[PDB]
Amino acid sequence: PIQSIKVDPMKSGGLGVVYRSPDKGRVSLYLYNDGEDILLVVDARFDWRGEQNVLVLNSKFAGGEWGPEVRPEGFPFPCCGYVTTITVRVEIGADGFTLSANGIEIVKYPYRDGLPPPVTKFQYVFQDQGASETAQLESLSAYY
Amino acid sequence: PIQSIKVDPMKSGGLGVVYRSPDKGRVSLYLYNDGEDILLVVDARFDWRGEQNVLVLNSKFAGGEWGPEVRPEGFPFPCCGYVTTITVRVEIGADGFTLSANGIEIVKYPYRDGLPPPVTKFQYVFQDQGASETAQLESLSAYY
Amino acid sequence: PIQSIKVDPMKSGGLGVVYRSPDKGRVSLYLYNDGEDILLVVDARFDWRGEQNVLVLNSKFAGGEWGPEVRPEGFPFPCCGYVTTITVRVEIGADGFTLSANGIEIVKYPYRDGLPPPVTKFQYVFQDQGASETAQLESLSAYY
Amino acid sequence: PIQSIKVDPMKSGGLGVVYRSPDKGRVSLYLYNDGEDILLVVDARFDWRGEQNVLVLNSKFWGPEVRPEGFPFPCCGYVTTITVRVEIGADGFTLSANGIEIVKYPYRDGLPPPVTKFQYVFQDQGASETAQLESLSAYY
Ligand SMILES: [Cl-]
């Protein structure tokens, strides 16, 4: 349900994850620096606090408050309560993060004030909301 | 919008397709014998004849009539009018075909009476129903 | 040891193979048009009629003689009589083929005059020469 | 040419690497615990001090060295993409390359999982084509 890989400080390249989606709950991906600031959360809400199939991007300092949510369209939430295998990729660009899902680009996310790279940790968190089918993590990768 | 591969008669291995889903229309995959009978259609209805996110599998002889529809759950249609990359595979087993999408097994389908392998041809067909994102075929594969 | 796909007339995309290499003998990939001209042969000689670890490309008319033979470097022939899986890809570009193996571009190859695409058939052929490990075909693909 | 991923300690699953090979030098893959013990190194010697195209496995805190056949060192001057996978099984590591099993390596006393670190290290020895790391993976 929770796994991380820590990388040698990363200012370019990509982080990827493959997982089987849950019918309920949320899958969260956290990109941290050593300060443990959240440079980016990619928070895919399957069914979460009354929201269905909602993707949320945000950042924040370690003991800190969420910035504004961004909510892109195009994340491959399966219909009808189904589940599937999802591959997600975060490019660490000069500009900001680039998020792709199944090789399709979802959103460009410019780096937030005082939170640019290097990334040093990439974390998967599945949180349940009484799902019939819970998320299964298959892999975590760093792309150089 | 229509593309096929022709193979030496296959009685095992697999046929795969990758494509970018459409927001409307249907993507059907046809597996034929040398007689041009349809041993199997894998009919992914994204938005077709007032149906939405429906998978239909059936068989019929060349000029004949469709037999009994099977409508399995789990095919990973995207929510919300979104598109994604879908990988589908059909194994040709001893007793039936095994259909999988994104590496997850969808259903097993016993060969219909007098419609057994060998498969000799595997064809992708997308038919529009005024989609704003039309299907894009990426590849067709034969597995030994 | 011989397998082929016939595709619809292809002026675009690519064609792929995946196989487990032989410790001797040759593996040839032929690209035909409808007339059965050889628009390209990618002939990988592991141990063949005097030669070891040599790559040969040519084209010929169905009738006629060969052309000037090109022998690129870079083809991943394994050392020491080992075998491995080889992935090979032939892009059908505007001006010639591009050959790659395991994702590394091996050579570009301008179309011989009188022998441009459409390509209508991609064929794999293994010919033994007393291998302790013969080749095994894993897949053939058309990319659009 | 040195990279690592540190993972929450793993007693099952797998570690993968993809890189483009060098024509000289060695690329070495290390599996470490918390104390930097070498639970296993997979040392692909393309051209390394007299040895050519040799695979070497071992562990340390040296000890007996295994030398499996079948690792896909390319012939001639050549380089390619290589995909190596190491499974953390119950009996030991299982190592494969380009989808093919190369050998099984029982854990050695004092050196069991969990694995906390997987590290790639290319050391050059005059290569005209240097190694290029492409990705490092953990499988769960
Ligand atoms: Cl119909």
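Please refer to the structure placed before this passage.
Our subject in this report is the structure included herewith. (Residues numbered from 1 in each chain as written, not as in the entry; some residues may be left out. Chains lettered and ligands numbered in written order. Heavy atoms only, no water.)

**Let's talk about the relation of the copies chain A and chain B**
Superposition of chain A onto chain B requires a rotation of 180° combined with a translation of 0.0 Å along the rotation axis, giving an RMSD of 0.2 Å. Both copies of the chain, as the preceding transformation shows, are related through a two-fold rotation axis. Mapped onto chain B, 100% of the interface residues of chain A again fall at the interface, so both copies present the same surface. (Least-squares fit on C-alpha atoms. Contact = heavy atoms within 4.5 Å.)

**Some thoughts on the interface of chain A and chain B**
Of the residues lining the interface, 17 residues belong to chain A; the matching set on chain B comes to 17 residues. At the boundary of chain A with chain B, total buried surface from both sides reaches about 1300 Å², with 56% on carbon and sulfur atoms. Looking only at chain A, the three residues that lose the most surface to chain B are A:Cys79, A:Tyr82 and A:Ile104, adding up to 37% of its buried area. Seen at the junction of chain A and chain B, the total is zero salt bridges. On inspection of chain A and its partner chain B, the count reaches six residue pairs in polar contact. By residue class, the composition of the side of chain A that touches chain B is 10 nonpolar, five polar and two charged. (Buried area = accessible area lost by both parts, 1.4 Å probe. Salt bridge = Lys/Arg side-chain N within 4 Å of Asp/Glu carboxyl O. Polar contact = N/O pair within 3.5 Å; in protein donor to acceptor, adjacent residues only side chain to side chain. Nonpolar A, V, L, I, M, F, W, Y, C, P; charged D, E, K, R; others polar.)

**Quick notes on the interface of chain A and chain D**
Each side of the interface is counted separately: chain A has 15 residues, and chain D has 15 residues. Taken together, both faces of the contact between chain A and chain D bury some 1200 Å²; the carbon and sulfur share is 47%. It is A:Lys6, A:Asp8 and A:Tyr144 in chain A that bury the most area against chain D; as a group they hold 40% of the surface buried on that side. In this structure, the connection of chain A to chain D is made through zero salt bridges. At the level of elements, β1 (2-10) and β10 (136-143) of chain A are the ones that each hand at least two residues to the side of chain A that touches chain D. For the side of chain A that touches chain D, a count of residues per class yields eight nonpolar, four polar and three charged. As paired elements, β1(A) and strand β1 (residues 2-10) of chain D share three bridges and run antiparallel to each other. Paired with A:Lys6 across the bridge in β1(D) is D:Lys6. (Helix = DSSP H or I, 4+ residues; strand = E, 2+ residues; numbered from the N terminus. Pairing = 2+ DSSP bridges.)

**Points about the sheet that holds strand β3 (residues 25-32) of chain D**
Sheet strands pair via backbone hydrogen bonds, and the direction of the pair is either parallel or antiparallel. Taking strand neighbours across the sheet as the criterion, the 10 strands line up as β5(A)-β4(A)-β3(A)-β9(A)-β1(A)-β1(D)-β9(D)-β3(D)-β4(D)-β5(D) in an open arrangement whose pairing is antiparallel. Only two strands of the sheet have a single neighbouring strand rather than two, namely β5 (51-60) of chain A together with β5 (51-60) of chain D. Neighbour to neighbour, the strand axes of the sheet diverge by 10° on average, direction disregarded. (Axes fitted to C-alpha atoms, helices over the stretch in contact; angles between N-to-C directions.)

**Considering the sheet that holds strand β7 (residues 96-101) of chain C**
Across the sheet, 10 strands lie side by side as β8(B)-β7(B)-β6(B)-β2(B)-β10(B)-β10(C)-β2(C)-β6(C)-β7(C)-β8(C); this open sheet has antiparallel pairing. Each end of this open sheet is capped by a strand with a single partner; those strands are β8 (104-110) of chain B together with β8 (104-110) of chain C. The average angle at which neighbouring strand axes cross in this sheet is 15°, direction not considered. Here five bridges tie strand β10 (residues 136-143) of chain B to strand β10 (residues 136-143) of chain C, and the two strands are oriented antiparallel to one another. The residue bridging B:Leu140 from the neighbouring strand is C:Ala142, located in β10(C).

**Focus on the environment of C:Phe77**
Residues and elements named next belong to chain C. The residue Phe77 is located in the loop between β5 (51-60) and β6 (85-92) in this model. With a relative accessible area of 1%, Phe77 lands in the buried category. Taking the C-alpha atoms as reference points, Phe77 and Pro22, separated by 55 residues in sequence, lie 9.7 Å from one another. (Buried < 20%, exposed > 50% of the residue type's maximum accessible area, 1.4 Å probe, protein only.)

**Some points on the arrangement of the chains**
Most contacts, among the four pairs of chains that meet, fall between chains A and D. As for chain D relative to chain B, no contact occurs, and the smallest C-alpha gap between them is 16 Å.

**A word on the pairing of β7(C)**
Within a regular beta strand, the side chains point alternately toward one face of the sheet and then the other, so they alternate between its two faces. Residues and elements named next belong to chain C. Most of β7 sits inside the fold, with six of its six residues counted as buried. In terms of strand pairing, β6 meets β7 through five bridges, oriented antiparallel. Within β7, the position partnered with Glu91 by the bridge is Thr98. Hairpin geometry of β6 and β7 is characterised by an intervening segment of three residues between the two adjacent antiparallel strands. Across six bridges, the pairing between β7 and β8 is antiparallel.

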